[PDB]
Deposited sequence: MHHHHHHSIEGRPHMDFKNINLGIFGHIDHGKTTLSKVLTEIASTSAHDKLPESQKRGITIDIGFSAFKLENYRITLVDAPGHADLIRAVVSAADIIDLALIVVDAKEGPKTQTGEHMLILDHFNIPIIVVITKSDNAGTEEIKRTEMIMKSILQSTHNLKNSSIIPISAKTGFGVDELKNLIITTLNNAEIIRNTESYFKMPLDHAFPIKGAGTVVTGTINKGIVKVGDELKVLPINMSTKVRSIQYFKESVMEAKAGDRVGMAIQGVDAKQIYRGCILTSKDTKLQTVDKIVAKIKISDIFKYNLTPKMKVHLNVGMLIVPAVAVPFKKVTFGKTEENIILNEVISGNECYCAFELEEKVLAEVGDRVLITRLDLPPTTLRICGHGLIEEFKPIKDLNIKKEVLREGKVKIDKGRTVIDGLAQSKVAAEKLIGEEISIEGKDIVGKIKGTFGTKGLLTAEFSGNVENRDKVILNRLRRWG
């Protein structure tokens, strides 16, 4: 017959907004799927709030399209917001579906519609995404929703990665007996054939593939993007839990403690740069408490330094050094999601996102502090003094023999002397120094 294309469709939104009902309506035309044209569409499914999060963080590669449901009457709520954010960070095309249109008047629907438009405009990659009102109970606009899903899937670039090592997470695990186990999950990268030797991580065992179940059918081979059941031998299902990963033996996957990421910030005004910060880091399918130290990479003309962030977010660099409390499975280039989930569900919980550049500890990053002390130039008759670099004779004495520049005048000087008990100094300059001049003291420090 005709060649099918395998699609994974996520469904997101606040609870009671009609996620489940929409899913059921879609599935009638574990594993729950439906067909549109030649698209085989498997629903990415988790019960709710944090589960969808854990689902996207891990499965982002293979999630082609997402439906974000919003009640017509009460409009966007918090969870709608965080789902929107997450989907924006991971660059997943979305359709905004306004549910329960039968329970709302035209005016209300148009209102919510416009609110959603305004919201969509505040996002990077979701900037304009089509919005349809529907009623899953009534069937209102559902046909149009299907046609739209088709159009969107037609436009979006769907890249399945076969070429790399086989990489799949494990959602569920069923023992049969001591000699066998069945796991279920969607393949991220690579290819599997029946009778292959793979491994479970972090526990690092070695198992063989007995059976591949795809689309309620047995197949010899599965590919990335396919959501499959798999029977494997050499493991009991008690050892396999929420964070386990089945992968080939050529794998680049590592069990990691320290993670260095390149971080993009979601909302600038809600974001804060105070270093050594306690957050919840989403990596793969887990969420591990973590400590973060924001820093930027500066080229001084000879050596590249990693300097603690100057609190300026101008320029997009926010390399974060993360130290994790627990372990995690990661690869270089994996999308990582910084959340604060300690906060109540009532407020937006996303503290960032970013690509893992290196697995490295802070101590080896040679972290440094940019050090600037500013003081003025007071000149009485015949004598030049610098004020404000030191608050006492002790500190003033500590400063002797440093490098100092004068602002905007392009003039260099060294500070030799220490004047008075109040911390005044004396310095050697190139000539043409004037009263009330600006002195910048510049040096590199050991941070923390």
item	value
Deposited-sequence stretches lacking C-alpha coordinates, listed in sequence order	1 to 13, 43 to 63
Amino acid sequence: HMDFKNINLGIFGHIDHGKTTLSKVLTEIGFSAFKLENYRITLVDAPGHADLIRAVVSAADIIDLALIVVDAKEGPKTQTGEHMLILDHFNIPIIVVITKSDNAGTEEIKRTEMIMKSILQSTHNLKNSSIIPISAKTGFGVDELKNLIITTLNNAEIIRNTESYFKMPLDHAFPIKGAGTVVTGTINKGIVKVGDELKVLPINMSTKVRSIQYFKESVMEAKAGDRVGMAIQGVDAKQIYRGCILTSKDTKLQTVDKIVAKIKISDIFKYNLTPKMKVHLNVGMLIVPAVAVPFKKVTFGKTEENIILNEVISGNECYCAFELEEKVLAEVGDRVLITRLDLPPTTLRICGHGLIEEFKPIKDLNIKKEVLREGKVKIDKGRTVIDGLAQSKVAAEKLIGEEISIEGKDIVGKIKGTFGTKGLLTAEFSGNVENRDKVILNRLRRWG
From here on, numbers count along this sequence of modelled residues.
{"property": "294 to 302 versus 161 to 169 - which carries the larger mean C-alpha B factor in the record", "result": "294 to 302"}
{"property": "Higher-scoring stretch by recorded Cα B factor average, 427 to 435 or 8 to 16", "result": "427 to 435"}
{"property": "Selection by C-alpha B-factor (highest) of 46, 385, 68, 63", "result": "46"}
{"property": "Highest-ranked of 153, 341, 85, 115 once sorted by CA temperature factor in the record", "result": "341"}
{"property": "CA B-factor ranking of residue 367, expressed as a third of its chain", "result": "highest"}
{"property": "Assigned third (lowest, middle, highest) for the C-alpha B factor of residue 233", "result": "highest"}
{"property": "Third of the chain, ranked by Cα B-factor, where residue 331 sits", "result": "middle"}
{"property": "CA B-factor ranking of residue 269, expressed as a third of its chain", "result": "highest"}
{"property": "Lowest, middle or highest third - CA B-factor, residue 119", "result": "lowest"}
